[PDB]
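K.L.:
Below is coords-v3.tsv; it holds TSV, N, CA and C atoms.
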```
chain	number	residue	atom	x	y	z
U	1	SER	N	-29.29	29.04	5.80
U	1	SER	CA	-28.18	29.01	4.81
U	1	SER	C	-26.83	28.84	5.50
U	2	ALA	N	-26.63	29.58	6.58
U	2	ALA	CA	-25.38	29.52	7.33
U	2	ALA	C	-25.50	28.57	8.52
U	3	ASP	N	-26.71	28.45	9.05
U	3	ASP	CA	-26.96	27.58	10.19
U	3	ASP	C	-26.58	26.14	9.87
U	4	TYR	N	-26.70	25.77	8.60
U	4	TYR	CA	-26.37	24.41	8.17
U	4	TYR	C	-24.92	24.07	8.50
U	5	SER	N	-24.01	24.97	8.16
U	5	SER	CA	-22.59	24.77	8.42
U	5	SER	C	-22.33	24.59	9.92
U	6	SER	N	-23.23	25.13	10.74
U	6	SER	CA	-23.09	25.03	12.19
U	6	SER	C	-23.51	23.65	12.69
U	7	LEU	N	-24.30	22.94	11.88
U	7	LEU	CA	-24.77	21.61	12.25
U	7	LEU	C	-23.70	20.56	11.96
U	8	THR	N	-23.79	19.42	12.64
U	8	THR	CA	-22.83	18.34	12.45
U	8	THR	C	-23.09	17.62	11.13
U	9	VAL	N	-22.17	16.74	10.76
U	9	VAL	CA	-22.31	15.99	9.52
U	9	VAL	C	-23.57	15.12	9.57
U	10	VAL	N	-23.79	14.49	10.71
U	10	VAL	CA	-24.96	13.64	10.90
U	10	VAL	C	-26.24	14.47	10.83
U	11	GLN	N	-26.19	15.66	11.42
U	11	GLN	CA	-27.34	16.55	11.42
U	11	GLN	C	-27.64	17.02	10.00
U	12	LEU	N	-26.60	17.44	9.29
U	12	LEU	CA	-26.74	17.90	7.92
U	12	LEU	C	-27.25	16.77	7.03
U	13	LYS	N	-26.74	15.57	7.26
U	13	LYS	CA	-27.14	14.40	6.49
U	13	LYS	C	-28.61	14.07	6.73
U	14	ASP	N	-29.07	14.29	7.96
U	14	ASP	CA	-30.45	14.03	8.32
U	14	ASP	C	-31.39	14.98	7.59
U	15	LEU	N	-31.04	16.27	7.61
U	15	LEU	CA	-31.85	17.28	6.95
U	15	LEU	C	-31.92	17.01	5.45
U	16	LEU	N	-30.80	16.58	4.88
U	16	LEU	CA	-30.73	16.28	3.46
U	16	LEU	C	-31.65	15.11	3.12
U	17	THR	N	-31.63	14.08	3.95
U	17	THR	CA	-32.47	12.91	3.74
U	17	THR	C	-33.94	13.32	3.72
U	18	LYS	N	-34.31	14.18	4.67
U	18	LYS	CA	-35.68	14.66	4.76
U	18	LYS	C	-36.01	15.57	3.58
U	19	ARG	N	-34.99	16.23	3.04
U	19	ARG	CA	-35.17	17.13	1.91
U	19	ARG	C	-34.96	16.41	0.57
U	20	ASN	N	-34.56	15.14	0.64
U	20	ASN	CA	-34.32	14.35	-0.57
U	20	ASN	C	-33.15	14.91	-1.37
U	21	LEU	N	-32.08	15.26	-0.68
U	21	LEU	CA	-30.89	15.81	-1.33
U	21	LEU	C	-29.72	14.85	-1.22
U	22	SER	N	-28.80	14.92	-2.18
U	22	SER	CA	-27.63	14.06	-2.19
U	22	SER	C	-26.68	14.41	-1.05
U	23	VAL	N	-26.34	13.41	-0.24
U	23	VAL	CA	-25.44	13.61	0.89
U	23	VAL	C	-24.06	13.02	0.62
U	24	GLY	N	-23.76	12.79	-0.66
U	24	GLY	CA	-22.47	12.22	-1.02
U	24	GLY	C	-21.34	13.24	-0.94
U	25	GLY	N	-21.68	14.51	-1.11
U	25	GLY	CA	-20.68	15.56	-1.06
U	25	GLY	C	-20.17	15.81	0.35
U	26	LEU	N	-19.07	16.54	0.46
U	26	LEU	CA	-18.48	16.85	1.76
U	26	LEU	C	-19.39	17.79	2.55
U	27	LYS	N	-19.04	18.02	3.82
U	27	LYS	CA	-19.83	18.90	4.68
U	27	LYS	C	-20.15	20.22	3.98
U	28	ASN	N	-19.13	20.84	3.40
U	28	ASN	CA	-19.31	22.10	2.70
U	28	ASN	C	-20.28	21.93	1.54
U	29	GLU	N	-20.26	20.76	0.92
U	29	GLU	CA	-21.14	20.46	-0.20
U	29	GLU	C	-22.58	20.35	0.29
U	30	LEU	N	-22.74	19.81	1.49
U	30	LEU	CA	-24.05	19.65	2.08
U	30	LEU	C	-24.64	21.01	2.45
U	31	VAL	N	-23.78	21.92	2.89
U	31	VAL	CA	-24.21	23.26	3.27
U	31	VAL	C	-24.68	24.04	2.05
U	32	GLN	N	-23.87	24.03	1.00
U	32	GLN	CA	-24.20	24.73	-0.23
U	32	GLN	C	-25.44	24.13	-0.88
U	33	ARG	N	-25.59	22.81	-0.74
U	33	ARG	CA	-26.74	22.12	-1.32
U	33	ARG	C	-28.03	22.57	-0.63
U	34	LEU	N	-27.99	22.63	0.70
U	34	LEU	CA	-29.14	23.07	1.47
U	34	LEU	C	-29.41	24.55	1.21
U	35	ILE	N	-28.33	25.30	1.05
U	35	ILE	CA	-28.42	26.73	0.79
U	35	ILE	C	-29.07	27.00	-0.57
U	36	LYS	N	-28.66	26.23	-1.57
U	36	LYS	CA	-29.20	26.38	-2.92
U	36	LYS	C	-30.67	26.00	-2.96
U	37	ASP	N	-31.01	24.86	-2.36
U	37	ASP	CA	-32.39	24.39	-2.33
U	37	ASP	C	-33.29	25.39	-1.61
U	38	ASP	N	-32.79	25.95	-0.51
U	38	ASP	CA	-33.55	26.92	0.26
U	38	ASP	C	-33.75	28.21	-0.52
U	39	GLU	N	-32.70	28.64	-1.22
U	39	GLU	CA	-32.75	29.86	-2.01
U	39	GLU	C	-33.64	29.67	-3.24
U	40	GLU	N	-33.59	28.48	-3.82
U	40	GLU	CA	-34.40	28.17	-5.00
U	40	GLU	C	-35.88	28.15	-4.65
U	41	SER	N	-36.20	27.62	-3.48
U	41	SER	CA	-37.59	27.54	-3.03
U	41	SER	C	-38.15	28.94	-2.77
U	42	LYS	N	-37.30	29.84	-2.31
U	42	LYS	CA	-37.71	31.21	-2.02
U	42	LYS	C	-37.97	31.99	-3.31
U	43	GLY	N	-37.39	31.52	-4.41
U	43	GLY	CA	-37.58	32.19	-5.69
U	43	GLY	C	-36.26	32.59	-6.33
U	44	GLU	N	-35.29	32.95	-5.50
U	44	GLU	CA	-33.98	33.36	-6.00
U	44	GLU	C	-34.09	34.58	-6.91
U	45	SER	N	-32.98	35.28	-7.08
U	45	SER	CA	-32.95	36.47	-7.93
U	45	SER	C	-32.77	36.09	-9.39
U	46	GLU	N	-33.84	36.22	-10.17
U	46	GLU	CA	-33.79	35.89	-11.59
U	46	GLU	C	-35.00	36.47	-12.32
U	47	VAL	N	-34.77	37.52	-13.11
U	47	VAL	CA	-35.84	38.16	-13.86
U	47	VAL	C	-35.40	38.47	-15.28
U	48	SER	N	-36.36	38.46	-16.21
U	48	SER	CA	-36.08	38.74	-17.61
U	48	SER	C	-36.66	40.09	-18.02
U	49	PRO	N	-35.82	41.13	-18.12
U	49	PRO	CA	-36.27	42.47	-18.51
U	49	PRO	C	-36.72	42.53	-19.97
U	50	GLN	N	-37.60	43.48	-20.27
U	50	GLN	CA	-38.11	43.65	-21.63
U	50	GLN	C	-38.24	45.12	-21.99
```
Write the structure described by the file as structure tokens, please.
P.N.:
Amino acid sequence: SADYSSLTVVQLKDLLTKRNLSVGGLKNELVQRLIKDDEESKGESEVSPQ
């Protein structure tokens, strides 16, 4: 999630291509995009109480 921001634009763009993510956004956009996708895959915090 944070390691992405540490990577270069080319590096981030490469990971996005492999992940099939939009690389049109700025570096920060690429980081949040990878962060969201990674968090979403893990399940993310979302439950419906009853």
K.L.:
Mind the document's chain letters and residue numbers, and return as a PDB file with N, CA and C atoms, keeping the file's coordinate frame the residues of chain U that DSSP labels alpha helix (DSSP H).
P.N.:
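result_7.pdb was written with the following content:
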```
ATOM      1  N   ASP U   3     -26.710  28.450   9.050  1.00  0.00           N
ATOM      2  CA  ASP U   3     -26.960  27.580  10.190  1.00  0.00           C
ATOM      3  C   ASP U   3     -26.580  26.140   9.870  1.00  0.00           C
ATOM      4  N   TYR U   4     -26.700  25.770   8.600  1.00  0.00           N
ATOM      5  CA  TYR U   4     -26.370  24.410   8.170  1.00  0.00           C
ATOM      6  C   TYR U   4     -24.920  24.070   8.500  1.00  0.00           C
ATOM      7  N   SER U   5     -24.010  24.970   8.160  1.00  0.00           N
ATOM      8  CA  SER U   5     -22.590  24.770   8.420  1.00  0.00           C
ATOM      9  C   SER U   5     -22.330  24.590   9.920  1.00  0.00           C
ATOM     10  N   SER U   6     -23.230  25.130  10.740  1.00  0.00           N
ATOM     11  CA  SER U   6     -23.090  25.030  12.190  1.00  0.00           C
ATOM     12  C   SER U   6     -23.510  23.650  12.690  1.00  0.00           C
ATOM     13  N   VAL U   9     -22.170  16.740  10.760  1.00  0.00           N
ATOM     14  CA  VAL U   9     -22.310  15.990   9.520  1.00  0.00           C
ATOM     15  C   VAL U   9     -23.570  15.120   9.570  1.00  0.00           C
ATOM     16  N   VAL U  10     -23.790  14.490  10.710  1.00  0.00           N
ATOM     17  CA  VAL U  10     -24.960  13.640  10.900  1.00  0.00           C
ATOM     18  C   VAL U  10     -26.240  14.470  10.830  1.00  0.00           C
ATOM     19  N   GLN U  11     -26.190  15.660  11.420  1.00  0.00           N
ATOM     20  CA  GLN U  11     -27.340  16.550  11.420  1.00  0.00           C
ATOM     21  C   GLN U  11     -27.640  17.020  10.000  1.00  0.00           C
ATOM     22  N   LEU U  12     -26.600  17.440   9.290  1.00  0.00           N
ATOM     23  CA  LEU U  12     -26.740  17.900   7.920  1.00  0.00           C
ATOM     24  C   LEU U  12     -27.250  16.770   7.030  1.00  0.00           C
ATOM     25  N   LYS U  13     -26.740  15.570   7.260  1.00  0.00           N
ATOM     26  CA  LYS U  13     -27.140  14.400   6.490  1.00  0.00           C
ATOM     27  C   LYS U  13     -28.610  14.070   6.730  1.00  0.00           C
ATOM     28  N   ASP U  14     -29.070  14.290   7.960  1.00  0.00           N
ATOM     29  CA  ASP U  14     -30.450  14.030   8.320  1.00  0.00           C
ATOM     30  C   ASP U  14     -31.390  14.980   7.590  1.00  0.00           C
ATOM     31  N   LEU U  15     -31.040  16.270   7.610  1.00  0.00           N
ATOM     32  CA  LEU U  15     -31.850  17.280   6.950  1.00  0.00           C
ATOM     33  C   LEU U  15     -31.920  17.010   5.450  1.00  0.00           C
ATOM     34  N   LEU U  16     -30.800  16.580   4.880  1.00  0.00           N
ATOM     35  CA  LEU U  16     -30.730  16.280   3.460  1.00  0.00           C
ATOM     36  C   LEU U  16     -31.650  15.110   3.120  1.00  0.00           C
ATOM     37  N   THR U  17     -31.630  14.080   3.950  1.00  0.00           N
ATOM     38  CA  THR U  17     -32.470  12.910   3.740  1.00  0.00           C
ATOM     39  C   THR U  17     -33.940  13.320   3.720  1.00  0.00           C
ATOM     40  N   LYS U  18     -34.310  14.180   4.670  1.00  0.00           N
ATOM     41  CA  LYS U  18     -35.680  14.660   4.760  1.00  0.00           C
ATOM     42  C   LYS U  18     -36.010  15.570   3.580  1.00  0.00           C
ATOM     43  N   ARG U  19     -34.990  16.230   3.040  1.00  0.00           N
ATOM     44  CA  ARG U  19     -35.170  17.130   1.910  1.00  0.00           C
ATOM     45  C   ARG U  19     -34.960  16.410   0.570  1.00  0.00           C
ATOM     46  N   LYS U  27     -19.040  18.020   3.820  1.00  0.00           N
ATOM     47  CA  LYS U  27     -19.830  18.900   4.680  1.00  0.00           C
ATOM     48  C   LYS U  27     -20.150  20.220   3.980  1.00  0.00           C
ATOM     49  N   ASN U  28     -19.130  20.840   3.400  1.00  0.00           N
ATOM     50  CA  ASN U  28     -19.310  22.100   2.700  1.00  0.00           C
ATOM     51  C   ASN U  28     -20.280  21.930   1.540  1.00  0.00           C
ATOM     52  N   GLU U  29     -20.260  20.760   0.920  1.00  0.00           N
ATOM     53  CA  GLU U  29     -21.140  20.460  -0.200  1.00  0.00           C
ATOM     54  C   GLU U  29     -22.580  20.350   0.290  1.00  0.00           C
ATOM     55  N   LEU U  30     -22.740  19.810   1.490  1.00  0.00           N
ATOM     56  CA  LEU U  30     -24.050  19.650   2.080  1.00  0.00           C
ATOM     57  C   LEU U  30     -24.640  21.010   2.450  1.00  0.00           C
ATOM     58  N   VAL U  31     -23.780  21.920   2.890  1.00  0.00           N
ATOM     59  CA  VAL U  31     -24.210  23.260   3.270  1.00  0.00           C
ATOM     60  C   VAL U  31     -24.680  24.040   2.050  1.00  0.00           C
ATOM     61  N   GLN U  32     -23.870  24.030   1.000  1.00  0.00           N
ATOM     62  CA  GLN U  32     -24.200  24.730  -0.230  1.00  0.00           C
ATOM     63  C   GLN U  32     -25.440  24.130  -0.880  1.00  0.00           C
ATOM     64  N   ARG U  33     -25.590  22.810  -0.740  1.00  0.00           N
ATOM     65  CA  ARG U  33     -26.740  22.120  -1.320  1.00  0.00           C
ATOM     66  C   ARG U  33     -28.030  22.570  -0.630  1.00  0.00           C
ATOM     67  N   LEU U  34     -27.990  22.630   0.700  1.00  0.00           N
ATOM     68  CA  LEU U  34     -29.140  23.070   1.470  1.00  0.00           C
ATOM     69  C   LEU U  34     -29.410  24.550   1.210  1.00  0.00           C
ATOM     70  N   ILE U  35     -28.330  25.300   1.050  1.00  0.00           N
ATOM     71  CA  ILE U  35     -28.420  26.730   0.790  1.00  0.00           C
ATOM     72  C   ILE U  35     -29.070  27.000  -0.570  1.00  0.00           C
ATOM     73  N   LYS U  36     -28.660  26.230  -1.570  1.00  0.00           N
ATOM     74  CA  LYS U  36     -29.200  26.380  -2.920  1.00  0.00           C
ATOM     75  C   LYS U  36     -30.670  26.000  -2.960  1.00  0.00           C
ATOM     76  N   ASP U  37     -31.010  24.860  -2.360  1.00  0.00           N
ATOM     77  CA  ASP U  37     -32.390  24.390  -2.330  1.00  0.00           C
ATOM     78  C   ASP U  37     -33.290  25.390  -1.610  1.00  0.00           C
ATOM     79  N   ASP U  38     -32.790  25.950  -0.510  1.00  0.00           N
ATOM     80  CA  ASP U  38     -33.550  26.920   0.260  1.00  0.00           C
ATOM     81  C   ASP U  38     -33.750  28.210  -0.520  1.00  0.00           C
ATOM     82  N   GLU U  39     -32.700  28.640  -1.220  1.00  0.00           N
ATOM     83  CA  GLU U  39     -32.750  29.860  -2.010  1.00  0.00           C
ATOM     84  C   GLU U  39     -33.640  29.670  -3.240  1.00  0.00           C
ATOM     85  N   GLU U  40     -33.590  28.480  -3.820  1.00  0.00           N
ATOM     86  CA  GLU U  40     -34.400  28.170  -5.000  1.00  0.00           C
ATOM     87  C   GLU U  40     -35.880  28.150  -4.650  1.00  0.00           C
ATOM     88  N   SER U  41     -36.200  27.620  -3.480  1.00  0.00           N
ATOM     89  CA  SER U  41     -37.590  27.540  -3.030  1.00  0.00           C
ATOM     90  C   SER U  41     -38.150  28.940  -2.770  1.00  0.00           C
ATOM     91  N   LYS U  42     -37.300  29.840  -2.310  1.00  0.00           N
ATOM     92  CA  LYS U  42     -37.710  31.210  -2.020  1.00  0.00           C
ATOM     93  C   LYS U  42     -37.970  31.990  -3.310  1.00  0.00           C
TER      94      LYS U  42
END
```
K.L.:
Quick one: residues within 8 Å of segment 18-30 of chain U, all atoms listed in the file counted, chain neighbours fewer than 5 positions away excluded, as a PyMOL selection string?
P.N.:
chain U and resi 4-5+8-9+12-13+35-36
K.L.:
Taking all atoms of segment 36-40 of chain U that the file lists and extending 3 Å past them on each side, where is the centre of the axis-aligned box and how long are its edges? Answer in Å to one decimal, as AutoDock Vina command-line options.
P.N.:
```
--center_x -32.3 --center_y 27.1 --center_z -2.4 --size_x 13.2 --size_y 11.5 --size_z 11.3
```
K.L.:
Quick one: pull the distance between atom C of residue 11 of chain U and atom C of residue 39 of chain U, Å, one decimal.
P.N.:
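So the two atoms, atom C of residue 11 of chain U and atom C of residue 39 of chain U, lie 19.3 Å apart.
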K.L.:
Could you check how far atom N of residue 37 of chain U sits from atom CA of residue 16 of chain U, in Å to one decimal?
P.N.:
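The value is 10.4 Å.
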K.L.:
Just the number, please: distance in Å from atom CA of residue 14 of chain U to atom CA of residue 33 of chain U, one decimal.
P.N.:
13.1 Å
